[PDB]
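Top line first, the protein sequences correspond to chains K and W.
Take the first sequence: its letters are residues 426 to 638, numbered as in the deposited numbering.
Take the second sequence: its letters are residues 1 to 30, numbered as in the deposited numbering.
Every residue gets a Cβ at the ideal spot worked out from N, C-alpha and C, and that includes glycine.
Inspection log for the structure reproduced underneath, given as structure tokens.
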Amino acid sequence: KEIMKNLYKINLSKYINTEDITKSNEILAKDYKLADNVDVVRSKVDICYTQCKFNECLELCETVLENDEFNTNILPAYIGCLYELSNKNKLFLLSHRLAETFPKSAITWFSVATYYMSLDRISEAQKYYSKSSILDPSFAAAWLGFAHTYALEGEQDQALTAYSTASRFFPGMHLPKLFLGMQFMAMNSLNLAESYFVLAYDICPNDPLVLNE
Amino acid sequence: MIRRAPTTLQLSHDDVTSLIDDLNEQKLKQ
């Protein structure tokens, strides 16, 4: 139990009680030679992603991906911090390799849609997020990227329903609600935006997007 | 996660019109 308690503690959510997750990370790193463990690296990557350490996301996930390039748990965070770094060649390579590796996984189609978003081809990203969403009904990135495609396309009425769907399917996820509130700004409807942003800020006290909004 | 592009503030035409007008009466003052 001395080790498995910590191992289970690693896998909880990262927004709250962040420091204890860190101390558990050094606890595993010491006395157990598990610093090389893949899931320890995954936890550290998610720590870095939470406060938006996207450069550290890139470096750590590149170190882990060299050993294994198809860890499905690792990959979505790497897509996120790659699109944040706004680079198309490496996203492009990984997406085209995953397409021929795992044709039936929504992960690769999500990566393709992200690549098209990075290339600002909204029309194709529409379909390539729709396919990823259809493949995995439990894939929040799919719905939020879908509504991102809607919002960046020019039309927003369907983006409203999309963000509402993403919010309702996944209760307790602040990001769909936050993006829906950004859209409310886009329609100049601030009255719902106040409540939605308060709800999002209830669990995200320190992140640039919330405070900027 | 696909982070949304943060919204950016724009310089409106009404405020710049107000400022250029105020400058017009400012130079008309003396």
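message = Is it buried or exposed, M610(K), if we count other Cβ atoms within 10 angstroms and call 16 or more buried?
response = exposed
key: Members of the segment 560-594 of chain K near chain W, C-beta cut-off 7 angstroms   = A566, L569, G570 and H573
key: Between the CA atoms of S589(K) and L11(W) - distance to the nearest angstrom   = 31 angstroms
ask   = Whose CA, out of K439(K), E509(K), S536(K) and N450(K), lies closest to the CA of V463(K)?
value = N450(K)
query = Once you ignore the five residues that flank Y575(K) on each side, which residues in its own chain have a CB closer than 7 angstroms to its CB?
reply = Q581, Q583, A584 and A587
query = Between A531(K), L603(K) and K469(K), which lies nearest to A454(K) when the distance is taken from Cα to Cα?
reply = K469(K)
ask   = Closer than 8 angstroms, CB to CB, is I2(W) near chain K or not?
value = yes
ask   = Nearest to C629(K) by alpha carbon, out of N431(K), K434(K) and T443(K)?
value = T443(K)
message = Which same chain residues end up closer than 6 angstroms to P562(K) when comparing Cβ atoms and leaving out the 5 residues on each side of it in sequence?
response = none
ask   = Can you give the beta carbon distance from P6(W) to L577(K), rounded, assuming they're within the 8 angstroms contact cut?
value = Actually they are not in contact, since the Cβ atoms of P6(W) and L577(K) sit about 13 angstroms apart, beyond 8 angstroms.
key: Three-state secondary structure assigned by DSSP to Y554(K)   = helix
query = Does the Cβ of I499(K) have 16 or more other Cβ atoms within 10 Å, making it buried, or fewer, making it exposed?
reply = buried
query = Between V466(K) and the ligand NAD, is the CB less than 7 angstroms from at least one heavy atom?
reply = This structure simply doesn't include the ligand NAD, nor any ligand for that matter.
ask   = Just checking, does the segment 473-491 of chain K make contact with the segment 500-516 of chain K on the three C-beta pairs under 8 angstroms criterion?
value = yes
Contact list for the segment 537-562 of chain K against chain W, Cβ threshold 8 angstroms = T539 and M542
message = I'd like the span of the alpha helix (DSSP H) that includes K29(W), first residue to last.
response = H13 to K29
task = Return the Cβ separation of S558(K) and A567(K) in integer angstroms, given the expectation that the two are a contact with Cβ distance under 8 angstroms.
result = 4 angstroms
query = Contact between the segment 15-28 of chain W and the segment 613-630 of chain K: three or more CB pairs below 8 angstroms?
reply = no
request  = Within its chain, find whatever has a CB closer than 7 angstroms to the CB of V489(K); leave out the 5 residues flanking it on each side and keep chain order.
outcome  = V463, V466 and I499
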